[PDB]
Amino acid sequence: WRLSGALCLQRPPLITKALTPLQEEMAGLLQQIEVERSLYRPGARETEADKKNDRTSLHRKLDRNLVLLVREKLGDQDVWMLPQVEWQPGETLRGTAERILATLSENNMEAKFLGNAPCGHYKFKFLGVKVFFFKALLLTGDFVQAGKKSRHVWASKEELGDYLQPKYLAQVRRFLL
Amino acid sequence: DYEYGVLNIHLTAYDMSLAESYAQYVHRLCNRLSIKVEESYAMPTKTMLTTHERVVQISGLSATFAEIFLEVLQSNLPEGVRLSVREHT
Amino acid sequence: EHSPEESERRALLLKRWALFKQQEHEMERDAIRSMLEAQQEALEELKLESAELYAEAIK
RNA sequence: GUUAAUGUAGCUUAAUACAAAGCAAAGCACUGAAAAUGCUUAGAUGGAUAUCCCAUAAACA
């Protein structure tokens, strides 16, 4: 049996939802009373304005979350996949998960694996093979080599259905937001 | 066998009431999720003006639960409050 | 300082904002349940093919 | 398509009678936290008999 491991990367939404104007003016009012009753170069807000097409770049969106989605090539197959890598039973999922972070993406992204339990598993047959979908949370992401030869795309779920048709790959939404 | 540790969130804001309002608000959001909060400790003034930091104790997280929780927390962040995640001693 | 009319206008929508959050949390809580159930569903899927691999995963 | 799930609101075989109920959950106020307490917020028969059923989602496929 051929073992293939993959990682369902999660990108945090850097920017919070904007408060309503009444909240801002109300914030000003509570700010003023707080003082009375008190007890004892930055990055661009949105870096997508210039690009408009850089799906490869990690910063495809900043207001909302994103999920890495990397075109993958196998010996006998070439399909659009979630970040995937070849792994061995000796390595645990987190160790395989860590390898995906550096092998496929070769970037200084900041990731922590808090939960070893995997979130997704789907089997594709033509030879028996299966895909492991790991889960992790990113505090921040520093993606080097934005314009890679690969077709990696950062989309949480909007493009997941578009690029991943079969239920073995279109059901990744089940554990995604 | 490993489980998410108990991680304190230090809510640092210049204004005490704003931190308290968020501390009450964020904790109430934790109530929606049933997140256990053992204590909410207060740090001393950050003497140099001064700033006020409030701990929101968080115990118990899950792989899917953790990812959504941080996203909700970010959106909840009202204004000029800096979030923080640190493992408890 | 807000006017009394402003407070009344805000009071009406604050109920909607509370309602909007309350509806979201119900969906959010159910969404986590589906995700958690899906995560359990993912746990079962590989167990059939090979339980030994989970031995590393469960750690 | 074969097997099989699964369809009053998070939960309940509460209910089809005189109410679509009870419980869980929710905003704000009250400042150690929690809980309590006051004042407030949103809801279902996705569906039938008097088992199939279409939808949904799985192993077969």
# chains A, B, ... in the order shown; residues from 1 in each chain; ligands from 1
call {"tool": "closest_atom_pairs", "arguments": {"of": "chain C", "to": "chain D", "cutoff": "9 Å", "atoms": "only C-alpha atoms (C1' of nucleotides)", "output": "CSV"}}
result
residue,atom,partner,partner_atom,distance
C:14,CA,D:27,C1',7.9
C:15,CA,D:41,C1',6.5
C:16,CA,D:41,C1',8.2
C:17,CA,D:27,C1',8.4
C:18,CA,D:27,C1',5.1
C:19,CA,D:41,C1',6.0
C:20,CA,D:42,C1',8.9
C:21,CA,D:26,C1',8.5
C:22,CA,D:26,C1',5.6
C:23,CA,D:42,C1',6.9
C:26,CA,D:10,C1',7.5
C:29,CA,D:10,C1',8.2
C:30,CA,D:10,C1',7.6
call {"tool": "write_last_selection", "arguments": {"atoms": "C-alpha atoms", "output": "mmCIF file, in the first residue's frame"}}
result
data_model
loop_
_atom_site.group_PDB
_atom_site.id
_atom_site.type_symbol
_atom_site.label_atom_id
_atom_site.label_comp_id
_atom_site.auth_asym_id
_atom_site.auth_seq_id
_atom_site.Cartn_x
_atom_site.Cartn_y
_atom_site.Cartn_z
ATOM 1 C CA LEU C 14 -28.492 46.408 19.684
ATOM 2 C CA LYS C 15 -31.281 43.850 20.053
ATOM 3 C CA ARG C 16 -30.731 42.930 16.400
ATOM 4 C CA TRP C 17 -26.971 42.774 16.980
ATOM 5 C CA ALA C 18 -27.597 40.487 19.951
ATOM 6 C CA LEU C 19 -29.978 38.479 17.766
ATOM 7 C CA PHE C 20 -27.416 38.334 14.955
ATOM 8 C CA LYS C 21 -24.737 37.073 17.343
ATOM 9 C CA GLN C 22 -27.142 34.621 18.991
ATOM 10 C CA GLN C 23 -28.095 33.087 15.641
ATOM 11 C CA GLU C 26 -26.171 28.468 17.334
ATOM 12 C CA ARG C 29 -21.936 25.647 17.842
ATOM 13 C CA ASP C 30 -23.650 23.313 15.371
#
call {"tool": "interface_residues", "arguments": {"of": "chain D", "to": "chain A", "cutoff": "12 Å", "atoms": "only C-alpha atoms (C1' of nucleotides)", "output": "list in words"}}
result
residues 31, 57 and 58 of chain D
call {"tool": "residues_around", "arguments": {"residues": "residue 104 of chain A", "least_positions_apart": "4", "cutoff": "12 Å", "atoms": "only C-alpha atoms (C1' of nucleotides)", "output": "PyMOL selection string"}}
result
chain A and resi 5-7+9+68-73+81-86+96-100+108-109+143-145+148-152
call {"tool": "closest_atom_pairs", "arguments": {"of": "chain B", "to": "chain A", "cutoff": "10 Å", "atoms": "only C-alpha atoms", "output": "JSON lines"}}
result
{"residue": "B:1", "atom": "CA", "partner": "A:116", "partner_atom": "CA", "distance": 8.7}
{"residue": "B:2", "atom": "CA", "partner": "A:115", "partner_atom": "CA", "distance": 7.4}
{"residue": "B:3", "atom": "CA", "partner": "A:115", "partner_atom": "CA", "distance": 6.7}
{"residue": "B:4", "atom": "CA", "partner": "A:114", "partner_atom": "CA", "distance": 6.1}
{"residue": "B:5", "atom": "CA", "partner": "A:114", "partner_atom": "CA", "distance": 8.5}
{"residue": "B:15", "atom": "CA", "partner": "A:34", "partner_atom": "CA", "distance": 6.8}
{"residue": "B:16", "atom": "CA", "partner": "A:38", "partner_atom": "CA", "distance": 6.4}
{"residue": "B:17", "atom": "CA", "partner": "A:34", "partner_atom": "CA", "distance": 5.9}
{"residue": "B:18", "atom": "CA", "partner": "A:31", "partner_atom": "CA", "distance": 7.6}
{"residue": "B:44", "atom": "CA", "partner": "A:40", "partner_atom": "CA", "distance": 9.0}
{"residue": "B:45", "atom": "CA", "partner": "A:40", "partner_atom": "CA", "distance": 7.4}
{"residue": "B:50", "atom": "CA", "partner": "A:40", "partner_atom": "CA", "distance": 8.5}
{"residue": "B:51", "atom": "CA", "partner": "A:40", "partner_atom": "CA", "distance": 9.2}
{"residue": "B:52", "atom": "CA", "partner": "A:40", "partner_atom": "CA", "distance": 8.7}
{"residue": "B:61", "atom": "CA", "partner": "A:115", "partner_atom": "CA", "distance": 8.9}
{"residue": "B:62", "atom": "CA", "partner": "A:115", "partner_atom": "CA", "distance": 6.9}
{"residue": "B:63", "atom": "CA", "partner": "A:115", "partner_atom": "CA", "distance": 5.4}
{"residue": "B:64", "atom": "CA", "partner": "A:175", "partner_atom": "CA", "distance": 6.9}
{"residue": "B:66", "atom": "CA", "partner": "A:137", "partner_atom": "CA", "distance": 7.5}
{"residue": "B:67", "atom": "CA", "partner": "A:137", "partner_atom": "CA", "distance": 5.6}
{"residue": "B:68", "atom": "CA", "partner": "A:177", "partner_atom": "CA", "distance": 7.6}
{"residue": "B:70", "atom": "CA", "partner": "A:12", "partner_atom": "CA", "distance": 8.0}
{"residue": "B:71", "atom": "CA", "partner": "A:12", "partner_atom": "CA", "distance": 6.5}
{"residue": "B:72", "atom": "CA", "partner": "A:16", "partner_atom": "CA", "distance": 9.2}
{"residue": "B:73", "atom": "CA", "partner": "A:16", "partner_atom": "CA", "distance": 9.0}
{"residue": "B:74", "atom": "CA", "partner": "A:16", "partner_atom": "CA", "distance": 5.7}
{"residue": "B:75", "atom": "CA", "partner": "A:16", "partner_atom": "CA", "distance": 4.4}
{"residue": "B:76", "atom": "CA", "partner": "A:16", "partner_atom": "CA", "distance": 7.3}
{"residue": "B:77", "atom": "CA", "partner": "A:16", "partner_atom": "CA", "distance": 6.8}
{"residue": "B:78", "atom": "CA", "partner": "A:19", "partner_atom": "CA", "distance": 7.0}
{"residue": "B:79", "atom": "CA", "partner": "A:19", "partner_atom": "CA", "distance": 8.4}
{"residue": "B:85", "atom": "CA", "partner": "A:139", "partner_atom": "CA", "distance": 9.5}
call {"tool": "write_last_selection", "arguments": {"atoms": "N, CA, C and O atoms", "output": "tab-separated table (two decimals), in the first residue's frame"}}
result
chain	number	residue	atom	x	y	z
B	1	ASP	N	-0.83	10.16	24.20
B	1	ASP	CA	-2.06	10.91	24.45
B	1	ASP	C	-1.74	12.33	24.91
B	1	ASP	O	-1.15	12.53	25.97
B	2	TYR	N	-2.13	13.31	24.09
B	2	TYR	CA	-1.91	14.71	24.39
B	2	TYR	C	-3.19	15.50	24.16
B	2	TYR	O	-3.98	15.17	23.27
B	3	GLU	N	-3.38	16.54	24.97
B	3	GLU	CA	-4.53	17.42	24.85
B	3	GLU	C	-4.06	18.86	24.98
B	3	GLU	O	-3.01	19.14	25.56
B	4	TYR	N	-4.85	19.77	24.41
B	4	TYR	CA	-4.53	21.19	24.47
B	4	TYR	C	-4.32	21.63	25.92
B	4	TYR	O	-5.15	21.34	26.79
B	5	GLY	N	-3.22	22.33	26.16
B	5	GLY	CA	-2.92	22.80	27.49
B	5	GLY	C	-3.74	24.01	27.89
B	5	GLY	O	-4.51	24.56	27.10
B	15	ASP	N	-6.71	51.36	28.34
B	15	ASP	CA	-7.88	51.72	29.13
B	15	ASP	C	-8.37	50.51	29.91
B	15	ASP	O	-8.57	49.44	29.34
B	16	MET	N	-8.57	50.70	31.22
B	16	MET	CA	-9.03	49.60	32.07
B	16	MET	C	-10.43	49.15	31.68
B	16	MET	O	-10.69	47.94	31.54
B	17	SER	N	-11.35	50.10	31.50
B	17	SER	CA	-12.73	49.73	31.21
B	17	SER	C	-12.84	48.99	29.88
B	17	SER	O	-13.60	48.02	29.77
B	18	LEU	N	-12.09	49.43	28.87
B	18	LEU	CA	-12.11	48.74	27.59
B	18	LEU	C	-11.66	47.29	27.73
B	18	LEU	O	-12.27	46.38	27.17
B	44	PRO	N	-0.09	44.05	37.49
B	44	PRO	CA	0.20	45.41	37.97
B	44	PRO	C	0.39	46.38	36.81
B	44	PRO	O	0.57	45.99	35.65
B	45	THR	N	0.36	47.67	37.15
B	45	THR	CA	0.48	48.71	36.14
B	45	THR	C	1.83	48.61	35.42
B	45	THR	O	2.85	48.29	36.03
B	50	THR	N	0.68	54.46	32.23
B	50	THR	CA	0.54	53.06	32.62
B	50	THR	C	-0.52	52.40	31.75
B	50	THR	O	-1.37	53.06	31.15
B	51	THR	N	-0.44	51.07	31.68
B	51	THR	CA	-1.41	50.26	30.96
B	51	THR	C	-1.85	49.10	31.84
B	51	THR	O	-1.18	48.73	32.80
B	52	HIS	N	-3.01	48.54	31.50
B	52	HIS	CA	-3.65	47.50	32.30
B	52	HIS	C	-3.79	46.23	31.48
B	52	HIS	O	-4.27	46.27	30.34
B	61	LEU	N	-9.04	22.76	24.69
B	61	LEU	CA	-9.30	23.12	23.30
B	61	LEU	C	-9.25	21.86	22.45
B	61	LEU	O	-8.69	20.84	22.85
B	62	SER	N	-9.84	21.95	21.25
B	62	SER	CA	-9.82	20.86	20.29
B	62	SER	C	-9.31	21.38	18.95
B	62	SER	O	-9.26	22.59	18.71
B	63	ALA	N	-8.93	20.45	18.08
B	63	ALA	CA	-8.31	20.82	16.81
B	63	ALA	C	-9.24	21.71	15.98
B	63	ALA	O	-8.86	22.81	15.56
B	64	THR	N	-10.47	21.25	15.75
B	64	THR	CA	-11.44	22.07	15.04
B	64	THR	C	-11.91	23.23	15.91
B	64	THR	O	-12.08	24.35	15.43
B	66	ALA	N	-10.30	24.83	18.31
B	66	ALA	CA	-9.29	25.87	18.48
B	66	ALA	C	-9.26	26.82	17.29
B	66	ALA	O	-9.19	28.04	17.45
B	67	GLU	N	-9.32	26.26	16.07
B	67	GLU	CA	-9.21	27.10	14.88
B	67	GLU	C	-10.35	28.11	14.81
B	67	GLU	O	-10.14	29.28	14.50
B	68	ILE	N	-11.58	27.66	15.08
B	68	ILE	CA	-12.72	28.58	15.05
B	68	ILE	C	-12.63	29.58	16.20
B	68	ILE	O	-12.97	30.76	16.04
B	70	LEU	N	-10.10	31.03	17.80
B	70	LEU	CA	-9.21	32.17	17.59
B	70	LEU	C	-9.79	33.12	16.55
B	70	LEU	O	-9.68	34.35	16.68
B	71	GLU	N	-10.42	32.58	15.50
B	71	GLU	CA	-11.06	33.43	14.50
B	71	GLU	C	-12.17	34.27	15.13
B	71	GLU	O	-12.28	35.47	14.85
B	72	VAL	N	-12.99	33.66	15.98
B	72	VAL	CA	-14.04	34.41	16.66
B	72	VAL	C	-13.43	35.47	17.57
B	72	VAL	O	-13.92	36.60	17.63
B	73	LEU	N	-12.36	35.11	18.29
B	73	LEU	CA	-11.73	36.07	19.19
B	73	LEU	C	-11.22	37.28	18.43
B	73	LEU	O	-11.38	38.42	18.88
B	74	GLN	N	-10.58	37.06	17.28
B	74	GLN	CA	-10.07	38.18	16.49
B	74	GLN	C	-11.19	39.13	16.11
B	74	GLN	O	-11.09	40.35	16.32
B	75	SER	N	-12.27	38.60	15.53
B	75	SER	CA	-13.40	39.45	15.15
B	75	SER	C	-13.97	40.18	16.36
B	75	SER	O	-14.39	41.34	16.26
B	76	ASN	N	-14.01	39.51	17.51
B	76	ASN	CA	-14.54	40.13	18.72
B	76	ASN	C	-13.71	41.33	19.15
B	76	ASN	O	-14.25	42.29	19.73
B	77	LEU	N	-12.41	41.30	18.89
B	77	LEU	CA	-11.49	42.36	19.30
B	77	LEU	C	-12.03	43.72	18.88
B	77	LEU	O	-12.01	44.04	17.68
B	78	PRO	N	-12.52	44.55	19.81
B	78	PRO	CA	-13.23	45.77	19.40
B	78	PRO	C	-12.33	46.85	18.81
B	78	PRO	O	-12.56	47.30	17.68
B	79	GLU	N	-11.32	47.28	19.56
B	79	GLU	CA	-10.51	48.42	19.13
B	79	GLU	C	-9.23	48.57	19.94
B	79	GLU	O	-9.27	48.69	21.17
B	85	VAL	N	-1.40	34.93	23.39
B	85	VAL	CA	-1.58	33.52	23.74
B	85	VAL	C	-0.26	33.01	24.30
B	85	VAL	O	0.76	33.04	23.61
call {"tool": "interface_residues", "arguments": {"of": "chain C", "to": "chain B", "cutoff": "10 Å", "atoms": "only C-alpha atoms", "output": "PyMOL selection string"}}
result
chain C and resi 21-22+25-26+28-29+31-36+38-39+55-59
call {"tool": "interface_residues", "arguments": {"of": "chain A", "to": "chain C", "cutoff": "9 Å", "atoms": "only C-alpha atoms", "output": "NGL selection string"}}
result
:A and (22 or 25-26 or 28-29 or 89-94 or 116-123 or 130 or 132-133 or 173-177)
call {"tool": "closest_atom_pairs", "arguments": {"of": "chain D", "to": "chain B", "cutoff": "8 Å", "atoms": "only C-alpha atoms (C1' of nucleotides)", "output": "tab-separated table"}}
result
residue	atom	partner	partner_atom	distance
D:25	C1'	B:32	CA	7.7
D:32	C1'	B:40	CA	7.7
D:33	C1'	B:39	CA	4.9
D:34	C1'	B:38	CA	7.8
call {"tool": "select_by_dssp", "arguments": {"residues": "chain A", "states": "alpha helix (DSSP H)", "output": "PDB file with C-alpha atoms, in the first residue's frame"}}
result
ATOM      1  CA  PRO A  21     -20.195  53.887  13.594  1.00  0.00           C
ATOM      2  CA  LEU A  22     -22.496  53.890  16.626  1.00  0.00           C
ATOM      3  CA  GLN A  23     -20.008  51.559  18.315  1.00  0.00           C
ATOM      4  CA  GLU A  24     -17.191  53.981  17.466  1.00  0.00           C
ATOM      5  CA  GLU A  25     -19.026  56.997  18.886  1.00  0.00           C
ATOM      6  CA  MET A  26     -20.137  54.868  21.837  1.00  0.00           C
ATOM      7  CA  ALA A  27     -16.501  53.796  22.158  1.00  0.00           C
ATOM      8  CA  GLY A  28     -15.541  57.465  22.336  1.00  0.00           C
ATOM      9  CA  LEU A  29     -18.060  58.079  25.116  1.00  0.00           C
ATOM     10  CA  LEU A  30     -16.916  55.125  27.226  1.00  0.00           C
ATOM     11  CA  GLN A  31     -13.327  56.194  26.530  1.00  0.00           C
ATOM     12  CA  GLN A  32     -13.955  59.609  28.098  1.00  0.00           C
ATOM     13  CA  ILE A  33     -15.637  58.282  31.245  1.00  0.00           C
ATOM     14  CA  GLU A  34     -12.952  55.595  31.555  1.00  0.00           C
ATOM     15  CA  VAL A  35     -10.315  58.265  32.200  1.00  0.00           C
ATOM     16  CA  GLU A  36     -12.592  59.813  34.828  1.00  0.00           C
ATOM     17  CA  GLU A  48      -4.390  42.514  -2.297  1.00  0.00           C
ATOM     18  CA  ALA A  49      -5.044  45.888  -3.950  1.00  0.00           C
ATOM     19  CA  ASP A  50      -1.937  45.781  -6.146  1.00  0.00           C
ATOM     20  CA  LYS A  51      -1.996  42.058  -6.941  1.00  0.00           C
ATOM     21  CA  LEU A  93       1.235  12.665  11.587  1.00  0.00           C
ATOM     22  CA  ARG A  94       2.649  15.797  13.226  1.00  0.00           C
ATOM     23  CA  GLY A  95       6.142  14.918  12.016  1.00  0.00           C
ATOM     24  CA  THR A  96       4.750  14.309   8.543  1.00  0.00           C
ATOM     25  CA  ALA A  97       2.675  17.461   9.029  1.00  0.00           C
ATOM     26  CA  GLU A  98       5.826  19.438   9.843  1.00  0.00           C
ATOM     27  CA  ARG A  99       7.555  18.088   6.732  1.00  0.00           C
ATOM     28  CA  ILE A 100       4.672  19.331   4.572  1.00  0.00           C
ATOM     29  CA  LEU A 101       5.170  22.802   6.053  1.00  0.00           C
ATOM     30  CA  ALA A 102       8.781  22.954   4.820  1.00  0.00           C
ATOM     31  CA  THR A 103       8.902  20.421   1.969  1.00  0.00           C
ATOM     32  CA  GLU A 158     -14.723  29.062  -1.767  1.00  0.00           C
ATOM     33  CA  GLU A 159     -12.276  27.532  -4.259  1.00  0.00           C
ATOM     34  CA  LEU A 160     -12.158  24.148  -2.500  1.00  0.00           C
ATOM     35  CA  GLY A 161     -15.287  22.961  -4.295  1.00  0.00           C
ATOM     36  CA  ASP A 162     -14.252  24.539  -7.592  1.00  0.00           C
ATOM     37  CA  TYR A 163     -10.878  22.769  -7.772  1.00  0.00           C
ATOM     38  CA  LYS A 167     -16.423  13.775  -2.696  1.00  0.00           C
ATOM     39  CA  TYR A 168     -13.103  12.319  -1.528  1.00  0.00           C
ATOM     40  CA  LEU A 169     -11.708  15.814  -2.175  1.00  0.00           C
ATOM     41  CA  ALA A 170     -14.862  17.981  -2.143  1.00  0.00           C
TER      42      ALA A 170
END
call {"tool": "closest_residue", "arguments": {"among": "A:41, A:157, A:61, A:2", "to": "residue 172 of chain A", "atoms": "only C-alpha atoms"}}
result
A:157
call {"tool": "residues_around", "arguments": {"residues": "residue 2 of chain D", "least_positions_apart": "3", "cutoff": "12 Å", "atoms": "only C-alpha atoms (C1' of nucleotides)", "output": "ChimeraX atom specification"}}
result
/D:59-61
call {"tool": "select_by_dssp", "arguments": {"residues": "chain B", "states": "strand (DSSP E or B)", "output": "VMD selection string"}}
result
chain B and resid 7 to 13 36 42 52 to 59 82 86 to 87
call {"tool": "atom_distance", "arguments": {"atom1": "atom CA of residue 58 of chain A", "atom2": "atom CA of residue 84 of chain B"}}
result
22.9 Å
call {"tool": "atom_distance", "arguments": {"atom1": "atom CA of residue 56 of chain A", "atom2": "atom CA of residue 155 of chain A"}}
result
10.2 Å
call {"tool": "atom_distance", "arguments": {"atom1": "atom CA of residue 79 of chain A", "atom2": "atom CA of residue 164 of chain A"}}
result
8.9 Å
call {"tool": "residues_around", "arguments": {"residues": "residue 53 of chain D", "least_positions_apart": "6", "cutoff": "12 Å", "atoms": "only C-alpha atoms (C1' of nucleotides)", "output": "PDB file with N, CA and C atoms (P, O5', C5', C4', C3', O3' and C1' of nucleotides), in the first residue's frame"}}
result
ATOM      1  P     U D   6     -29.008   8.303  11.312  1.00  0.00           P
ATOM      2  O5'   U D   6     -29.283   9.009   9.912  1.00  0.00           O
ATOM      3  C5'   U D   6     -29.096  10.411   9.754  1.00  0.00           C
ATOM      4  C4'   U D   6     -30.393  11.118   9.451  1.00  0.00           C
ATOM      5  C3'   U D   6     -31.411  11.133  10.598  1.00  0.00           C
ATOM      6  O3'   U D   6     -32.089  12.387  10.646  1.00  0.00           O
ATOM      7  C1'   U D   6     -32.398  10.203   8.680  1.00  0.00           C
ATOM      8  P     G D   7     -32.695  12.914  12.038  1.00  0.00           P
ATOM      9  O5'   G D   7     -33.923  13.833  11.605  1.00  0.00           O
ATOM     10  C5'   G D   7     -33.708  15.091  10.987  1.00  0.00           C
ATOM     11  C4'   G D   7     -34.801  15.423  10.002  1.00  0.00           C
ATOM     12  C3'   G D   7     -36.199  14.942  10.351  1.00  0.00           C
ATOM     13  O3'   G D   7     -36.853  15.715  11.342  1.00  0.00           O
ATOM     14  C1'   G D   7     -35.766  14.415   8.116  1.00  0.00           C
ATOM     15  P     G D  47     -41.752  20.774   6.057  1.00  0.00           P
ATOM     16  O5'   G D  47     -41.698  19.240   5.633  1.00  0.00           O
ATOM     17  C5'   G D  47     -41.916  18.212   6.586  1.00  0.00           C
ATOM     18  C4'   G D  47     -42.513  16.989   5.940  1.00  0.00           C
ATOM     19  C3'   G D  47     -43.501  16.204   6.787  1.00  0.00           C
ATOM     20  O3'   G D  47     -44.799  16.770   6.787  1.00  0.00           O
ATOM     21  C1'   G D  47     -41.964  14.713   5.791  1.00  0.00           C
TER      22        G D  47
END
call {"tool": "residues_around", "arguments": {"residues": "residue 20 of chain D", "least_positions_apart": "2", "cutoff": "8 Å", "atoms": "only C-alpha atoms (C1' of nucleotides)", "output": "MDAnalysis selection string"}}
result
chainID D and resid 8 15 45
